[PDB]
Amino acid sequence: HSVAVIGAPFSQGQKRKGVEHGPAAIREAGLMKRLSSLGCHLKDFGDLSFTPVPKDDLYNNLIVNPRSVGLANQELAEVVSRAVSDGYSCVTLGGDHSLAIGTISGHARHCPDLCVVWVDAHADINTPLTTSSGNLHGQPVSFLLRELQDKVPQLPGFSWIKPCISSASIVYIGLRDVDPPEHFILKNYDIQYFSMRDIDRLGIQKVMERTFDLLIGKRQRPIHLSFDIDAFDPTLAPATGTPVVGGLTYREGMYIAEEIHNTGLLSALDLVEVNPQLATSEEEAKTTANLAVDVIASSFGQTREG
């Protein structure tokens, strides 16, 4: 059992400074030792340095840093593809969530039947035509879903991307802040999700049962876990750019990670949006980073019963 750890310090998917220090904060919270102790063989790729693009002007006077996000994702995809081909489960540390464009593309390159569990307060499925922010970290899923491509225009620096998964192959968990055009998209393409409300109704156990039945109920598939730290309640994960009240509890987050581990199918994991600079204190930053480590470790077999 081998795990590749990749630092992807990207910030250009949004506008708030500091998310680029996420990977370092997560490492400092003891990630590598935690994974080693579970018996993971580790390759640390370090923090990547992405090639910048000069004069990376607004696309359509709205989408910010499109070429930089495109190129950095192209490079990240390469590293992820290569690491999966060498037999590593891939852990990518963010960084803002636009890097899932790169990790999922790289992952799907030779694992085209992968499925995605997207744990997040947000759906991240705005297209360039629906986003009201221009921030690519709120759009990553739109570039990945094949049913959507007639609705997704061609961004400078994005041409290397080819929609790799079907809308039946991603399930959301934790939703609570969804833009109206994203609601439309989720309903219109019948994309399955479990909002905080569904968790309130069903309980996290049934949510995971139904998630897996939908994705791997009839066949084994490599799992991509894309975990936005803002899925957790802001009291637990304050150091993040877009906190939304009413999130997952600590126990809920661990249970999700546990069930991910229990499938035996986890092939890649994104842990994104930890921004240590947004914490009002050092303790707030460290608790967020510690929580990130707990998720990753539980995803690779750390249990609550020894």
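Numbering starts at 1 and follows the sequence shown. Each form is matched to the other, and the largest set of C-alpha atoms that superpose within 1.5 Å is called the rigid core.
Undergrad: C-alpha RMS from this form in 8 other deposited structures of this protein, rigid core superposed: larger for 275 to 283 or 46 to 54?
TA: Taking the RMS over all superposed structures in 8 other deposited structures of this protein, 46 to 54 lies farther out.
Undergrad: Hey, which bit's got the bigger mean C-alpha B factor in the entry, 51 to 59 or 243 to 251?
TA: Per the PDB entry, the higher value belongs to 51 to 59.
Undergrad: Looking at the deposited entry, does 132 to 140 or 155 to 163 carry the larger mean Cα B-factor?
TA: The entry gives the higher C-alpha B-factor average to 155 to 163.
Undergrad: Based on what the PDB entry reports, which of 191, 123, 207, 223 has the top C-alpha B-factor?
TA: Across 191, 123, 207, 223, the entry lists the biggest C-alpha B-factor for 191.
Undergrad: Specify which of 113, 96, 230, 177 carries the largest Cα B factor in the deposited PDB entry.
TA: Result of the comparison over 113, 96, 230, 177: 113.
Undergrad: Among all modelled residues of this chain, ranked by Cα B factor, put residue 278 in the bottom, middle or top third, i.e. lowest, middle or highest.
TA: Tercile = highest for this residue's CA B-factor.
Undergrad: By the record's CA B-factor, is residue 235 among the lowest, middle or highest third of residues in the chain?
TA: For residue 235, the deposited C-alpha B-factor lands in the middle third.
Undergrad: Among all modelled residues of this chain, ranked by Cα B factor, put residue 197 in the bottom, middle or top third, i.e. lowest, middle or highest.
TA: For residue 197, the deposited C-alpha B-factor lands in the lowest third.
Undergrad: Should residue 118 be placed in the lowest, middle or highest third of its chain by the C-alpha B factor in the entry?
TA: Its C-alpha B-factor, which the entry lists for residue 118, ranks in the lowest third among residues of this chain.
Undergrad: Give the position of residue 65 by CA B-factor within its chain, expressed as the lowest, middle or highest third.
TA: Middle third.
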